[PDB]
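Q: Pasting in a structure now, in structure tokens, and then I'll have a few things to ask.
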Amino acid sequence: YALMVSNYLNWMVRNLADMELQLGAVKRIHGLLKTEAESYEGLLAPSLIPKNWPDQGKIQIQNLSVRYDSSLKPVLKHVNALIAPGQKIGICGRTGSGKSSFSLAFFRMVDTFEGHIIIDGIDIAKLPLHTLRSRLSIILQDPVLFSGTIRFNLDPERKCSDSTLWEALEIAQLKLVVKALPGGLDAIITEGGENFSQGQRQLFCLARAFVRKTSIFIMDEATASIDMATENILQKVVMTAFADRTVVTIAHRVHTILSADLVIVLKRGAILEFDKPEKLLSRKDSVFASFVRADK
Amino acid sequence: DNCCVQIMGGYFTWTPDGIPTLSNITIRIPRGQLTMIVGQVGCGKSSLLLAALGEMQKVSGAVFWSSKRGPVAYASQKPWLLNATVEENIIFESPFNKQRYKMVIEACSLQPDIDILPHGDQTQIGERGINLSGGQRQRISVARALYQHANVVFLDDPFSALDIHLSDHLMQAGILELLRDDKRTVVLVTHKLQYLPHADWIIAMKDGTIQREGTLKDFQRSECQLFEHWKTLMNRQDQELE
Ligand SMILES: Nc1ncnc2c1ncn2[C@@H]1O[C@H](COP(=O)(O)OP(=O)(O)OP(=O)(O)O)[C@@H](O)[C@H]1O
Ligand SMILES: Nc1ncnc2c1ncn2[C@@H]1O[C@H](COP(=O)(O)OP(=O)(O)O)[C@@H](O)[C@H]1O
Ligand SMILES: [Mg+2]
Ligand SMILES: [Mg+2]
């Protein structure tokens with residue numbers, strides 16, 4: 001057993017050494033196990049919510065100043081809107097003003113540290129968070145697509161027929177090139193969407209927003225990438241088809257949003273103007289009229 | 001003839017099997033001279049630049065580069081960024097000239113975005129580091145272009161994630177300001193069609209092939225229907241495009 005000591009002392013101390021090296025991974029996974037939650041259960045009870053929670057979108061904004069973090073400045077200032085259920089709202093502004101901050105204020109990711117904000121009477125912040133982000137709809141500037149297949153990338157919750165998916169390809173003007181793919185449906189979108197174009201990736205993300213049948217679609221700058229002819233054609237298609245739907249649009253180009261109902265202008269976190277586009281273009285001192293003039 | 005890129009009749013592809021991606025590309029790009037590529041969505045706009053690099057596969061056709069191939073500057077449709085500092089992004093293994101770096105970051109107008117960053121110039125951005133806006137990442141990725149003294153600039157679309165003010169600052173200063181100083185060959189894809197007066201040659205392409213190439217007066221005379229589509233589409237339909 002002295003020969004057992006001289007054959008097993010090295011495995012004692014070397015297994016102690018990589019035991020410390022492997023237990024550093026337990027220390028790292030327990031440090032990352034203790035992260036912050038988002039507190040997905042809300043304040044308000046889940047019995048006041050109907051089937052159609054956003055049936056008529058009365059988005060009343062009152063005094064909504066938001067913040068990304070606790071150490072930062074208030075990004076948006078004291079803003080006020082009264083948004084009708086049949087309305088279509090185009091929000092324009094500079095980069096760094098807060099217009100894509102304002103689209104995240106409907107979904108409770110950017111922290112609403114003061115503000116009243118409601119839809120259909122009842123408070124946004126007093127809601128279940130999953131029922132909030134399930135019955136509402138966004139579309140972002142970034143096209144993020146997953147791997148697998150196109151019927152999964154348009155419908156990951158598996159509950160749809162192919163006719164409403166091809167209706168979403170009809171209202172994306174995507175149906176002709178998805179029929180030009182050699183499966184018809186069910187071919188392969190790769191890691192991040194590298195099988196296709198950037199505008200086709202954004203068109204897939206647009207049609208993935210078009211599967212869901214909620215009465216609120218909000219729109220960030222999706223047609224920053226997709227060109228002007230399909231911007232006009234797709235703007236005409238989503239203005240004829242979604243007639244009931246309260247569409248909020250961060251338009252990238254101002255000449256597709258001259259046909260809007262009323263227009264928010266956001267400069268440095270605050271509403272400068274809120275009226276008709278003909279009224280704010282015809283005022284001629286307004287910064288919306290110089291946004292039209294500086295474009296064309 | 002003063003023409004660096006002379007791709008004639010290329011039947012290029014991505015996949016080695018199947019149909020080719022591109023077909024019969026008979027293009028010319030003049031030296032020292034800005035040109036623009038306008039097509040529809042998914043119709044070959046990045047694919048011409050990646051076939052001109054030879055990243056896409058040549059089934060048939062021939063490429064006639066002139067001063068092998070030199071170093072070209074390039075900024076993609078998706079902005080690739082290092083895990084380095086912002087100065088090490090924008091220099092990108094060049095000698096650091098302070099005044100040429102200064103007029104690049106004044107030309108891009110990234111100075112308030114470098115002013116709000118917590119170490120300013122030398123903040124280690126990237127994956128390991130601080131997340132960015134995406135528009136600032138687009139301006140950083142085109143700010144690594146137009147610096148290299150590389151004389152051919154393959155500038156794929158900068159004008160997705162930027163507004164009208166920063167794109168007129170990028171199109172009056174920078175593009176046609178310092179790229180008219182030396183004779184740098186700049187090619188652009190851009191759907192913001194107000195800069196179609198600021199183009200000497202114009203490539204218009206459609207579904208793999210090109211439709212035509214040439215100047216705005218040649219598209220005015222010979223093509224004259226997609227010229228009318230651009231005249232309706234830019235919404236300055238009263239004037240004459242020159
Ligand atoms: N990396 C790739 N691998 C395989 N096929 C591709 C790839 N990129 C594009 N394609 C195919 O080639 C065609 C050309 O797309 P491309 O990426 O050139 O679009 P684009 O016109 O440059 O996009 P945009 O409108 O954003 O400029 C598309 O129909 C697409 O299906
Ligand atoms: N992830 C973030 N963390 C902290 N601050 C941010 C973040 N994103 C944006 N901001 C700040 O919010 C302001 C408005 O940004 P944002 O709304 O995202 O862009 P835009 O105003 O172009 O729509 C910016 O000045 C920026 O400094
Ligand atoms: Mg934004
Ligand atoms: Mg492209």
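To be explicit about the labels: the chains of the structure tokens are called A, B, and onward in the order shown, and within each one the residues are counted from 1, while ligands get numbers from 1 in the order they are shown.
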Throw together the list of residues within 7 Å of ligand 2, counting only C-alpha atoms and all ligand atoms, and drop it here as a PyMOL selection string.

A: (chain A and resi 68-69+75+94-102) or (chain B and resi 131+133)

Q: Restricting it to N, CA, C and O atoms, dump the selection as a compact mmCIF listing (two decimals), in the first residue's frame.

A:
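In the end it all went to part_34.txt:
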# COMPACT_ATOMS: atom_id res chain seq x y z
N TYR A 68 -34.65 53.60 -20.43
CA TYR A 68 -34.10 52.27 -20.66
C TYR A 68 -33.63 51.63 -19.37
O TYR A 68 -34.00 50.49 -19.06
N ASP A 69 -32.82 52.35 -18.59
CA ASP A 69 -32.24 51.81 -17.37
C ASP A 69 -32.46 52.81 -16.24
O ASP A 69 -33.02 53.89 -16.44
N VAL A 75 -35.66 59.32 -21.85
CA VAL A 75 -35.48 59.43 -23.29
C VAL A 75 -36.64 60.18 -23.91
O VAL A 75 -36.46 61.18 -24.61
N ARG A 94 -35.99 62.32 -36.27
CA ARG A 94 -34.56 62.15 -36.49
C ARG A 94 -34.09 60.84 -35.86
O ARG A 94 -34.79 60.22 -35.06
N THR A 95 -32.89 60.41 -36.25
CA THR A 95 -32.22 59.35 -35.52
C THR A 95 -31.73 59.89 -34.19
O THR A 95 -31.15 60.98 -34.12
N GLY A 96 -31.95 59.12 -33.12
CA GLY A 96 -31.63 59.60 -31.80
C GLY A 96 -32.72 60.40 -31.14
O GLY A 96 -32.51 60.92 -30.04
N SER A 97 -33.88 60.53 -31.78
CA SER A 97 -34.97 61.29 -31.19
C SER A 97 -35.80 60.46 -30.23
O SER A 97 -36.21 60.97 -29.19
N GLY A 98 -36.04 59.19 -30.55
CA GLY A 98 -36.79 58.34 -29.65
C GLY A 98 -37.98 57.66 -30.29
O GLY A 98 -38.88 57.19 -29.57
N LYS A 99 -38.01 57.59 -31.62
CA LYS A 99 -39.18 57.04 -32.30
C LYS A 99 -39.20 55.52 -32.25
O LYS A 99 -40.29 54.95 -32.11
N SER A 100 -38.05 54.85 -32.25
CA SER A 100 -38.07 53.42 -31.99
C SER A 100 -37.98 53.12 -30.50
O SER A 100 -38.14 51.96 -30.11
N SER A 101 -37.74 54.13 -29.66
CA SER A 101 -38.01 53.96 -28.24
C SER A 101 -39.50 53.94 -27.96
O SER A 101 -39.94 53.24 -27.04
N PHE A 102 -40.29 54.72 -28.72
CA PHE A 102 -41.72 54.84 -28.46
C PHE A 102 -42.49 53.60 -28.89
O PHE A 102 -43.54 53.29 -28.32
N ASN B 131 -23.49 46.79 -26.81
CA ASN B 131 -24.36 46.69 -27.98
C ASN B 131 -24.62 48.07 -28.57
O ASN B 131 -24.62 49.08 -27.86
N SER B 133 -26.64 50.63 -31.84
CA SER B 133 -27.97 50.93 -32.37
C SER B 133 -28.29 50.09 -33.59
O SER B 133 -29.42 49.60 -33.73

Q: Just the residues within 7 Å of residue 86 in chain B, please, counting only C-alpha atoms, with nothing from its chain fewer than 6 positions along; format it as a list in words.

A: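 Here the qualifying residues turn out to be residues 121, 122, 123, 124 and 125 of chain B.
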
Q: Keeping only C-alpha atoms, take the residues you just selected and write them out as a short mmCIF file (atom, residue, chain, number, x, y, z; two decimals), in the first residue's frame.

A:
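Below is the file that was written, selection12.cif:
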data_model
loop_
_atom_site.label_atom_id
_atom_site.label_comp_id
_atom_site.auth_asym_id
_atom_site.auth_seq_id
_atom_site.Cartn_x
_atom_site.Cartn_y
_atom_site.Cartn_z
CA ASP B 121 -12.67 56.77 -29.35
CA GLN B 122 -11.19 53.67 -27.73
CA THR B 123 -14.29 51.90 -26.43
CA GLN B 124 -14.10 48.16 -27.18
CA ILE B 125 -17.33 47.67 -29.11
#

Q: Write out as a list in words the residues lying within 7 Å of residue 81 in chain A, counting only C-alpha atoms and excluding same-chain residues fewer than 4 positions away.

A: residues 60, 61 and 62 of chain A

Q: Mind checking DSSP for range 9-240 of chain A and telling me the strand (DSSP E or B) residues as number ranges by chain?

A: A: 59-62, 65-67, 80-83, 88-93, 111-114, 118-119, 122-123, 137, 148-149, 188-189, 216-219

Q: Compile a residue-level contact table for chain B against ligand 1 at a cut-off of 7 Å, reporting for every qualifying residue the shortest atom pair and its distance in Å to one decimal, with only C-alpha atoms and all ligand atoms counted, rows ordered by chain and ascending number, as a tab-separated table.

A:
residue	atom	partner	partner_atom_place_in_ligand_line	distance
B:14	CA	ligand 1	4 (C)	5.1
B:15	CA	ligand 1	4 (C)	6.3
B:21	CA	ligand 1	12 (O)	5.5
B:39	CA	ligand 1	21 (O)	6.5
B:40	CA	ligand 1	25 (O)	5.7
B:41	CA	ligand 1	25 (O)	3.4
B:42	CA	ligand 1	19 (O)	3.4
B:43	CA	ligand 1	21 (O)	3.7
B:44	CA	ligand 1	18 (O)	3.3
B:45	CA	ligand 1	22 (O)	3.5
B:46	CA	ligand 1	22 (O)	3.5
B:47	CA	ligand 1	18 (O)	4.0
B:189	CA	ligand 1	27 (O)	6.9

Q: Work out how far CA of residue 172 in chain B is from CA of residue 117 in chain B, in Å to one decimal.

A: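 According to the coordinates, CA of residue 117 in chain B and CA of residue 172 in chain B are separated by 26.1 Å.
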
Q: Counting only C-alpha atoms, collect the residues of chain A whose closest atom lies at most 7 Å from chain B, and write them out as a PyMOL selection string.

A: chain A and resi 94-95+197+199-200+224-229+295-296

Q: Give me, please, the distance in Å between CA of residue 285 in chain A and CA of residue 90 in chain A, quoted to one decimal.

A: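 Going from CA of residue 285 in chain A over to CA of residue 90 in chain A covers 19.3 Å.
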
Q: Can you list every residue in range 27-178 of chain B that DSSP puts in alpha helix (DSSP H), as a compact mmCIF listing (two decimals) with N, CA and C atoms, in the first residue's frame?

A:
# COMPACT_ATOMS: atom_id res chain seq x y z
N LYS B 45 -28.64 42.64 -56.55
CA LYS B 45 -27.94 43.88 -56.26
C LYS B 45 -26.69 43.67 -55.43
N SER B 46 -26.76 42.82 -54.41
CA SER B 46 -25.54 42.38 -53.75
C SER B 46 -24.81 41.31 -54.55
N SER B 47 -25.53 40.60 -55.41
CA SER B 47 -24.97 39.46 -56.13
C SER B 47 -24.03 39.90 -57.25
N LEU B 48 -24.23 41.10 -57.81
CA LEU B 48 -23.30 41.65 -58.79
C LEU B 48 -21.98 42.04 -58.15
N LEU B 49 -22.03 42.55 -56.92
CA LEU B 49 -20.82 42.95 -56.23
C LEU B 49 -20.07 41.74 -55.70
N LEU B 50 -20.79 40.71 -55.29
CA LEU B 50 -20.12 39.50 -54.85
C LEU B 50 -19.67 38.62 -56.00
N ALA B 51 -20.29 38.76 -57.17
CA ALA B 51 -19.75 38.13 -58.36
C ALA B 51 -18.55 38.89 -58.90
N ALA B 52 -18.52 40.21 -58.69
CA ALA B 52 -17.38 41.03 -59.08
C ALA B 52 -16.18 40.83 -58.17
N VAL B 86 -13.34 51.49 -31.77
CA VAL B 86 -14.01 52.15 -32.89
C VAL B 86 -12.99 52.73 -33.85
N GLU B 87 -11.85 53.18 -33.29
CA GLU B 87 -10.72 53.64 -34.09
C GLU B 87 -10.04 52.48 -34.80
N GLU B 88 -9.95 51.31 -34.14
CA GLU B 88 -9.40 50.13 -34.79
C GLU B 88 -10.37 49.50 -35.78
N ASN B 89 -11.67 49.78 -35.65
CA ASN B 89 -12.63 49.42 -36.69
C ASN B 89 -12.42 50.28 -37.93
N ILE B 90 -12.30 51.60 -37.73
CA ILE B 90 -12.34 52.54 -38.84
C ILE B 90 -10.99 52.62 -39.59
N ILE B 91 -9.87 52.40 -38.88
CA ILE B 91 -8.56 52.37 -39.53
C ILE B 91 -8.37 51.09 -40.34
N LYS B 98 -4.19 61.21 -38.63
CA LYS B 98 -5.12 61.85 -37.71
C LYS B 98 -6.07 62.78 -38.46
N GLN B 99 -5.56 63.48 -39.47
CA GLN B 99 -6.40 64.39 -40.24
C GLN B 99 -7.27 63.65 -41.25
N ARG B 100 -6.78 62.54 -41.82
CA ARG B 100 -7.60 61.75 -42.73
C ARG B 100 -8.67 60.97 -41.97
N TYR B 101 -8.33 60.52 -40.76
CA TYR B 101 -9.29 59.92 -39.83
C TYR B 101 -10.31 60.94 -39.35
N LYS B 102 -9.85 62.19 -39.17
CA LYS B 102 -10.67 63.30 -38.73
C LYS B 102 -11.67 63.73 -39.79
N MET B 103 -11.25 63.77 -41.06
CA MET B 103 -12.20 64.10 -42.11
C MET B 103 -13.08 62.92 -42.50
N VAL B 104 -12.69 61.68 -42.17
CA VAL B 104 -13.61 60.57 -42.34
C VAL B 104 -14.71 60.61 -41.28
N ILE B 105 -14.35 60.83 -40.01
CA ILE B 105 -15.37 60.91 -38.96
C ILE B 105 -16.10 62.24 -38.91
N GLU B 106 -15.60 63.26 -39.61
CA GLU B 106 -16.38 64.45 -39.89
C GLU B 106 -17.23 64.27 -41.12
N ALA B 107 -16.79 63.46 -42.07
CA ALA B 107 -17.54 63.20 -43.29
C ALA B 107 -18.72 62.28 -43.04
N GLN B 111 -19.43 62.07 -35.05
CA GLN B 111 -18.89 62.80 -33.90
C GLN B 111 -19.82 62.94 -32.67
N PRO B 112 -21.16 63.16 -32.75
CA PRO B 112 -21.95 63.05 -31.51
C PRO B 112 -22.14 61.63 -31.01
N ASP B 113 -22.06 60.63 -31.89
CA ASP B 113 -22.15 59.26 -31.42
C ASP B 113 -20.84 58.77 -30.82
N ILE B 114 -19.71 59.35 -31.23
CA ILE B 114 -18.47 59.06 -30.52
C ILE B 114 -18.34 59.96 -29.29
N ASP B 115 -19.11 61.05 -29.22
CA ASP B 115 -19.08 61.89 -28.04
C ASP B 115 -19.86 61.29 -26.88
N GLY B 135 -27.93 51.58 -36.60
CA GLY B 135 -27.63 52.69 -37.48
C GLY B 135 -26.23 53.21 -37.26
N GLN B 136 -25.80 53.22 -35.99
CA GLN B 136 -24.43 53.57 -35.62
C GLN B 136 -23.44 52.52 -36.09
N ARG B 137 -23.87 51.25 -36.09
CA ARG B 137 -23.09 50.15 -36.64
C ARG B 137 -22.96 50.24 -38.15
N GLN B 138 -24.02 50.74 -38.81
CA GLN B 138 -24.00 50.97 -40.26
C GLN B 138 -23.05 52.10 -40.63
N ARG B 139 -23.04 53.15 -39.80
CA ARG B 139 -22.14 54.28 -40.02
C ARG B 139 -20.69 53.93 -39.68
N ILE B 140 -20.48 53.01 -38.73
CA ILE B 140 -19.14 52.52 -38.42
C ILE B 140 -18.62 51.63 -39.54
N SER B 141 -19.50 50.79 -40.11
CA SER B 141 -19.10 49.86 -41.15
C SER B 141 -18.88 50.54 -42.49
N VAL B 142 -19.57 51.65 -42.76
CA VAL B 142 -19.19 52.43 -43.92
C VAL B 142 -18.06 53.40 -43.59
N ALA B 143 -17.80 53.65 -42.30
CA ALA B 143 -16.69 54.50 -41.93
C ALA B 143 -15.36 53.76 -42.00
N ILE B 164 -32.93 61.02 -43.41
CA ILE B 164 -32.74 61.91 -44.54
C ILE B 164 -31.62 62.92 -44.29
N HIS B 165 -31.45 63.36 -43.04
CA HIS B 165 -30.43 64.32 -42.65
C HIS B 165 -29.03 63.72 -42.69
N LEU B 166 -28.88 62.53 -42.12
CA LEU B 166 -27.59 61.86 -42.15
C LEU B 166 -27.28 61.27 -43.51
N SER B 167 -28.29 60.96 -44.33
CA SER B 167 -27.96 60.53 -45.68
C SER B 167 -27.65 61.70 -46.60
N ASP B 168 -28.18 62.91 -46.34
CA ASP B 168 -27.70 64.04 -47.13
C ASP B 168 -26.33 64.51 -46.65
N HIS B 169 -26.01 64.27 -45.38
CA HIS B 169 -24.65 64.51 -44.93
C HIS B 169 -23.69 63.46 -45.47
N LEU B 170 -24.17 62.24 -45.67
CA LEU B 170 -23.35 61.21 -46.30
C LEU B 170 -23.29 61.34 -47.81
N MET B 171 -24.21 62.08 -48.42
CA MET B 171 -24.23 62.16 -49.87
C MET B 171 -23.71 63.47 -50.42
N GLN B 172 -23.67 64.53 -49.62
CA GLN B 172 -23.00 65.75 -50.06
C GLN B 172 -21.57 65.83 -49.56

Q: Could you state the separation of CA of residue 14 in chain A and CA of residue 2 in chain A in Å, given to one decimal place?

A: 18.8 Å

Q: Measuring atom to atom with only C-alpha atoms and all ligand atoms, identify which of A:124, A:91, A:132, A:150 is nearest to ligand 3.

A: A:91

Q: Name the residues in contact with residue 163 in chain A at a cut-off of 12 Å, using only C-alpha atoms, excluding same-chain residues fewer than 6 positions from it; report them as a short mmCIF file (atom, residue, chain, number, x, y, z; two decimals) with N, CA, C and O atoms, in the first residue's frame.

A:
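And here's out-v6.cif as it stands now:
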data_model
loop_
_atom_site.label_atom_id
_atom_site.label_comp_id
_atom_site.auth_asym_id
_atom_site.auth_seq_id
_atom_site.Cartn_x
_atom_site.Cartn_y
_atom_site.Cartn_z
N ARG A 151 -42.58 27.20 -43.19
CA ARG A 151 -43.84 27.07 -42.48
C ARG A 151 -43.65 27.16 -40.98
O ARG A 151 -44.55 27.61 -40.27
N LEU A 169 -48.41 35.78 -47.74
CA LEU A 169 -47.48 35.93 -48.86
C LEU A 169 -48.08 36.76 -49.98
O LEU A 169 -47.33 37.35 -50.78
N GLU A 170 -49.41 36.77 -50.09
CA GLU A 170 -50.10 37.64 -51.04
C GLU A 170 -49.98 39.10 -50.63
O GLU A 170 -49.75 39.97 -51.47
N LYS A 175 -45.42 35.79 -52.71
CA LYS A 175 -46.03 34.53 -53.14
C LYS A 175 -45.44 34.01 -54.44
O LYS A 175 -45.31 32.79 -54.62
N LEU A 185 -43.96 25.31 -50.69
CA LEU A 185 -43.65 25.73 -49.33
C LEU A 185 -42.48 24.85 -48.91
O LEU A 185 -41.93 24.13 -49.75
N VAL A 211 -49.40 37.02 -40.27
CA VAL A 211 -50.15 35.81 -39.97
C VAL A 211 -51.14 36.06 -38.84
O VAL A 211 -52.32 35.68 -38.92
#

Q: Closest to ligand 3 among B:62, B:108, B:132, B:179, using only C-alpha atoms and all ligand atoms?

A: B:132

Q: Residue 256 in chain A: which residues within 10 Å, counting only C-alpha atoms, same-chain residues fewer than 5 positions away excluded, as a VMD selection string?

A: chain A and resid 90 223 228 231 to 232 234 to 236 251

Q: Using C-alpha atoms, can you export the residues from the last selection as a JSON list (two decimals), in the first residue's frame?

A:
[["chain", "number", "residue", "atom", "x", "y", "z"],
["A", 90, "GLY", "CA", -47.24, 57.85, -38.98],
["A", 223, "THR", "CA", -39.16, 49.56, -45.54],
["A", 228, "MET", "CA", -39.56, 52.39, -53.21],
["A", 231, "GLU", "CA", -42.93, 50.45, -50.67],
["A", 232, "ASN", "CA", -45.70, 52.14, -52.70],
["A", 234, "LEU", "CA", -47.04, 47.30, -50.22],
["A", 235, "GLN", "CA", -48.29, 50.54, -48.62],
["A", 236, "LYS", "CA", -51.32, 50.44, -50.95],
["A", 251, "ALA", "CA", -41.95, 55.12, -41.62]]

Q: Calculated over only C-alpha atoms and all ligand atoms, which of the candidates A:93, A:46, A:184, A:148 has the smallest distance to ligand 3?

A: A:93

Q: When you count only C-alpha atoms, which of these residues is closest to residue 144 in chain B: B:71, B:20, B:32, B:79?

A: B:79

Q: Write out as a compact mmCIF listing (two decimals) with N, CA and C atoms, in the first residue's frame each polymer residue whose atoms come within 10 Å of residue 210 in chain A, counting only C-alpha atoms; drop sequence neighbours fewer than 2 positions from it.

A:
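The new file out.txt reads:
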# COMPACT_ATOMS: atom_id res chain seq x y z
N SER A 137 -48.95 43.24 -31.89
CA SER A 137 -48.05 42.89 -32.98
C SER A 137 -47.14 44.06 -33.32
N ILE A 139 -43.41 44.94 -35.79
CA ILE A 139 -42.43 44.48 -36.78
C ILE A 139 -41.24 45.43 -36.70
N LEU A 154 -42.88 31.08 -40.51
CA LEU A 154 -44.08 31.89 -40.54
C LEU A 154 -45.07 31.49 -39.46
N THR A 164 -54.09 30.99 -45.02
CA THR A 164 -53.80 32.27 -44.38
C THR A 164 -52.32 32.61 -44.43
N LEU A 165 -51.45 31.59 -44.54
CA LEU A 165 -50.03 31.81 -44.76
C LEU A 165 -49.77 32.33 -46.17
N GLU A 167 -52.06 33.85 -47.93
CA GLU A 167 -52.64 35.19 -47.89
C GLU A 167 -51.64 36.20 -47.33
N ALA A 168 -50.82 35.78 -46.36
CA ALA A 168 -49.75 36.66 -45.89
C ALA A 168 -48.63 36.80 -46.91
N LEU A 169 -48.41 35.78 -47.74
CA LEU A 169 -47.48 35.93 -48.86
C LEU A 169 -48.08 36.76 -49.98
N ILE A 171 -50.11 39.38 -49.32
CA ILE A 171 -50.00 40.76 -48.87
C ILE A 171 -48.58 41.13 -48.46
N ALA A 172 -47.59 40.30 -48.77
CA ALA A 172 -46.21 40.74 -48.72
C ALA A 172 -45.61 40.97 -50.10
N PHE A 204 -40.06 38.34 -45.23
CA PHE A 204 -40.44 37.17 -44.45
C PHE A 204 -40.86 37.55 -43.05
N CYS A 205 -40.17 38.53 -42.46
CA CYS A 205 -40.54 39.04 -41.14
C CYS A 205 -41.84 39.83 -41.17
N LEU A 206 -42.10 40.53 -42.28
CA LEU A 206 -43.36 41.25 -42.49
C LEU A 206 -44.53 40.30 -42.65
N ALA A 207 -44.33 39.22 -43.40
CA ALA A 207 -45.37 38.22 -43.58
C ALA A 207 -45.57 37.37 -42.33
N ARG A 208 -44.53 37.23 -41.50
CA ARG A 208 -44.68 36.60 -40.19
C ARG A 208 -45.46 37.48 -39.22
N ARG A 212 -50.68 36.79 -37.82
CA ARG A 212 -51.46 37.10 -36.63
C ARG A 212 -52.55 38.13 -36.94
N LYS A 213 -53.71 37.94 -36.33
CA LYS A 213 -54.94 38.59 -36.75
C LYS A 213 -55.43 39.63 -35.75
N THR A 214 -54.52 40.17 -34.95
CA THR A 214 -54.85 41.18 -33.96
C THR A 214 -55.13 42.52 -34.63
N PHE A 217 -51.38 46.25 -35.34
CA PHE A 217 -50.03 46.07 -35.84
C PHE A 217 -49.32 47.40 -35.65
N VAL A 238 -51.31 47.16 -47.77
CA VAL A 238 -51.66 47.18 -46.34
C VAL A 238 -52.59 48.31 -45.95
N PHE A 242 -55.92 46.03 -44.40
CA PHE A 242 -56.09 46.20 -42.96
C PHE A 242 -56.77 47.55 -42.72
